[PDB]
Amino acid sequence: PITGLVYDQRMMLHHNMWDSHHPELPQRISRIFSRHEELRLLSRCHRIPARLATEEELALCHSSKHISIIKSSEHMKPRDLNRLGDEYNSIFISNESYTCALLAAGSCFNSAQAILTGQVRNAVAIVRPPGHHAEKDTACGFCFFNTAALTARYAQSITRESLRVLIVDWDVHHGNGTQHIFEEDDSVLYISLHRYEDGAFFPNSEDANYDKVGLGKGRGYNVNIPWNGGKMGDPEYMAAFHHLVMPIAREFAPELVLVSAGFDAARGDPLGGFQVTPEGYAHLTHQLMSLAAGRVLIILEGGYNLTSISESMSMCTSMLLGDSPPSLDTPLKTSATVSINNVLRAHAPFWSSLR
Ligand SMILES: O=C(NO)c1ccc(CN(Cc2cccnc2)S(=O)(=O)c2cc(F)c(F)c(F)c2F)cc1
Ligand SMILES: [K+]
Ligand SMILES: [K+]
Ligand SMILES: [K+]
Ligand SMILES: [Zn+2]
């Protein structure tokens, strides 16, 4: 039983020309990689090569205009990179950004292919820039192309069009691009846990509330678990997994699980304000490994405390490799119970496991 790992230092080339201390740092991925070496997890994994996504693959989720504009940034002068970046919500661009975005997606395509051909049981993708804020038509929030959404469509393209893909997004932010891309789709179940604060937390949209359940044939296939008024941590994420994430996922019966694995809900993150521990992330991984015959791909999204994300993602890989889950600790916060109950009332009509 093999675990795959994809990492390519070329993804470090994407950088902020004017602010070498911008939190979406090149060393985010090299630090996670280094911690895998230190814990001697790297030699336990099979290395899956990176590759470039093709423009035809990008078109599975993105418009030709959006592809064309990001592609043109490779040849832009600094003044134009600044002006283009400023046209988006929270985006910086360098001449290498397009290439790195292509490498992040292609890395995940190769990992999903390795899983779906039975070459590996599961895999981890240490990639940047992130993806889940990227929309069909636009970049957003450090994301150029929606790597997890593209990977789900790539998976369907090499298997069957209706392959059931579950995307669990535990990044502290709502994946607005992933929700929108699949909102009318019953073949891709999107479940997000996120800090919400009644729409005030980035990305600042009420699209992230629990009452957005999907559209058309996708009604019931979009599950938003929004947190309000609390520094959430392990007890709250475990409760959400017990009452919502796992009963829904088991009923959906996915054939592949992608994790939009941002680590900005971790203790110590400068932006998320939450306190999920590396042991917490290990237990979330271990639970998801019970789905889809173990076919799980963990895709790095956000997370900006270099030490926290390195320890947190390494613990997820340890679980993928079959290691025993570590001990967990602290009472559950009642505001989390309020959120969980709101999602139960919104989704029990669609999911008999919640009744
Ligand atoms: O992908 C992400 N996470 O993983 C992610 C995506 C976007 C950002 C951008 N931020 C907003 C933010 C703030 C608080 C909590 N969350 C996110 S920002 O950096 O703070 C920022 C603040 C500004 F006031 C501003 F003008 C910016 F241009 C800007 F970028 C962060 C992370
Ligand atoms: K999320
Ligand atoms: K929406
Ligand atoms: K959906
Ligand atoms: Zn995030």
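In what follows, every heavy atom counts, from backbone to side chain, and hydrogens, waters and symmetry copies are set aside. Count residues from 1 along the sequence. As the structure lists them, so they are numbered: ligands from 1, and atoms in each ligand from 1.
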Short side-chain donor-acceptor distance under 3.5 Å, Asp19 and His21: no

Residues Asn224 and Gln179: side-chain donor-acceptor under 3.5 angstrom: yes

Option with minimal heavy-atom separation from atom 27 (C) of ligand 1, where the choices are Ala265, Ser90, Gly131: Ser90

The one among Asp269, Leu271, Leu300 that brings a heavy atom closest to atom 20 (O) of ligand 1: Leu271

Sub-4.5 Å side-chain heavy-atom contact between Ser64 and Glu55: no

Side chain proximity check, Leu25 to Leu306, heavy atoms < 4.5 angstrom: yes

Hey, is ligand 1 close enough to [X] that some N/O pair sits below 3.5 Å?
X: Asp264; value: yes
X: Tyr304; value: yes
X: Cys143; value: no

Any idea which protein heavy atom is nearest [atom], and the distance to it?
atom: atom 15 (C) of ligand 1; value: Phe201 CZ, 3.6 Å
atom: atom 11 (C) of ligand 1; value: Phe202 CD1, 3.7 Å
atom: atom 32 (C) of ligand 1; value: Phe142 CE1, 3.4 Å

Rounded to 10 degrees, the angle O of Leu193 makes with O of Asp169 at the K ion (ligand 2): 80°

Ring centre gap for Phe202 and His194 strictly below 6.0 Å: no

Centroid separation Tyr221 to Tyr190 less than 6.0 Å: no

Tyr88 and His66 aromatic ring geometry - parallel, tilted or perpendicular at 30°/60° bounds: perpendicular

Parallel, tilted or perpendicular: ring planes of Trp170 versus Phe241, cut at 30 and 60 degrees: tilted

Among the N, O or S atoms of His173, the one nearest the K ion (ligand 2): O

Minimum-distance atom from the K ion (ligand 2) among N, O or S atoms of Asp171: O

Verify atom 30 (F) of ligand 1: protein non-hydrogen atom under 4.0 angstrom away: yes

Contact flag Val172/the K ion (ligand 2), N/O/S atoms, threshold under 3.4 Å: no

Atom name of the N, O or S atom in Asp185 that lies nearest to the K ion (ligand 4): O

